[PDB]
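Just below is one structure, and these are the notes that go with it.
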């Protein structure tokens, strides 16, 4: 199924303060994460847990969303399966957990802050409970 | 042979044959014979423990129904399947030769800086040590490039000389690009360094990836890098040169911001000039940064390989399978088309069938135009995942 598009925004009442936005996709679903156009500035990364639970993204880490276009809808589509244009061997599998965050402070000034951010002070972090 | 746009359902694909994933497929097709490889993984297509590498060859045979079919003759397993990567195969005088690279440190594209620039070729008789030979390439001429390596499925022959698709890894500390040439003029947000940054995996990356051919002269054995002309320059990508209707035509995967299809007739082989088509209909799935139908320069490395095949030079008609999806590996559909027009297509699966790394290599069967494709196809629910083979006759008339 095509689940409910998730707007990466400071306003989003789904990012709950203790446990962020948790969602239960099933294999075969597809999910949009969308930064709307005006502006909050974000780089969003699929992390691991520890990185989630510490709000840290390490140099290696390459982003899934570079939200730095004031007047343009920047949108990323995940289909939960083994095949992705992603060339880094990141896929999705049943009964596994995958953590999407940013350490961005939201300004254009703190965009690339690799530590802290709105993950750790707002709970801007998706938990995808797959399967 | 249909030359008219039409939505008639003239194209009629025929599928021609536990927790494992077959991936990393190769298919080549020369004059009557075919090459192939895959990798068998335990589990995830990306990470799972690598079961067993194969490399095989055989014949493409029609029987009575005038459908061609796969008849593997000779098959080869390396002793550790972990360390062979990015193989590519060019046929010659009763062999396919296949250039793999070797590695101690994982897929070199992703741990390039630590990669010994080690290579090895395997010649496999198609009609079977005449059957099977190994070579550890010792001399490799690459010019400025620190190291070179194959980069695509298949190549072609020239009298006594093979040509593989390959790639050069120049450190940008030495890479020469004028930023003014980075075409951003209709691109509100796109900066000038884009193109240059986008020649690497990281904008900061140690190397950039330049596309080209690896030269291999059987009349000699030394391999020699030939770089692709700077023209419509895109980061190194899996690509394929292949003979069609008398001259060869090249294709580069659109692995960063130029997401329109990169293919065309080769004007010179060495140095490598490709009269790239100004094609406006085909593209590929990217992600957020460089998704379908992105033309604007961006700092990205994302996409999938989907070659097409020139089936008629006179009216530059090609064909092949395309993933009809913006940012996701889905919806493989066989597409017969031109620069500015898809004539007729055909969906090979459901709307929501997963696909990925498609290939096409066409020929005559019994005086009629056929296209095998490969594909990597699977369905949510499916148990073992592997590439599927599709014949596809090309319609004579533009009737059903």
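Protein chains in written order, with the deposited numbering: chain B, 31 to 68, 76 to 168; chain A, 188 to 204, 213 to 323, 329 to 420, 424 to 603.
Ideal Cβ positions, reconstructed from N, Cα and C, are used throughout, including at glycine.
- When DSSP states are grouped into helix, strand and coil, residue 198/A belongs to the coil group.
- The C-beta of residue 233/A has 16 or more other C-beta atoms within 10 Å across all chains shown, which makes the residue buried.
- Taken through DSSP and simplified to helix, strand or coil, residue 432/A comes out as coil.
- As computed with DSSP, residue 520/A is found in a beta bridge with 515/A.
- Neighbourhood of residue 241/A in chain B, by CB distance below 9 Å: 119, 121, 123, 125, 126, 127, 128, in chain order.
- A straight line joining the alpha-carbon of residue 146/B with that of residue 105/B spans about 11 Å.
- Within chain A, the residues whose beta carbon sits less than 7 Å from that of residue 57/B are 583, listed in sequence order.
- Closer than 9 Å to the CB of residue 557/A there is at least one CB belonging to chain B.
- For residue 260/A, there is no enclosing beta strand (DSSP E), as DSSP marks it with neither H nor E.
- Per DSSP, residue 230/A is not a residue of any alpha helix (DSSP H); the beta strand (DSSP E) it occupies stretches across 228-237.
- Beyond the five residues adjoining it in sequence on each side, residue 533/A comes within less than 7 Å, by CB distance, of 526, 555, 556, 557, 558 in the same chain, given in chain order.
- Proximity of the stretch 271-278 of chain A to the stretch 240-253 of chain A meets the contact definition, three or more beta-carbon pairs being nearer than 8 Å.
- Within its own chain, the residues whose Cβ lies closer than 8 Å to the Cβ of residue 531/A, once the five positions on either side in sequence are excluded, are 488, listed in chain order.
- Beta bridge pairing from DSSP links residue 61/B with 115/B.
- Using beta-carbon distances, residue 531/A counts as an interface residue toward chain B, with a partner under 9 Å.
- If you look at residue 320/A, you'll find it in the beta strand (DSSP E) that goes 314-320.
- Residue burial is scored here from C-beta neighbours: residue 561/A has at least 16 other C-beta atoms within 10 angstroms and is therefore classed as buried.
- When C-beta atoms of the stretch 534-553 of chain A are compared with those of the stretch 118-134 of chain B, fewer than three pairs fall below 8 Å, so the two segments do not count as touching.
- Looking only at 161/B, 138/B, 31/B, the smallest Cα-Cα distance to residue 55/B is reached by 31/B.
- Residue contact check for residue 489/A against chain B: a CB pair falls below 9 Å.
- Residues are counted here when their Cβ sits less than 7 Å from a Cβ of chain B; for the stretch 502-514 of chain A these are 504, 505, 506, 507, given in chain order.
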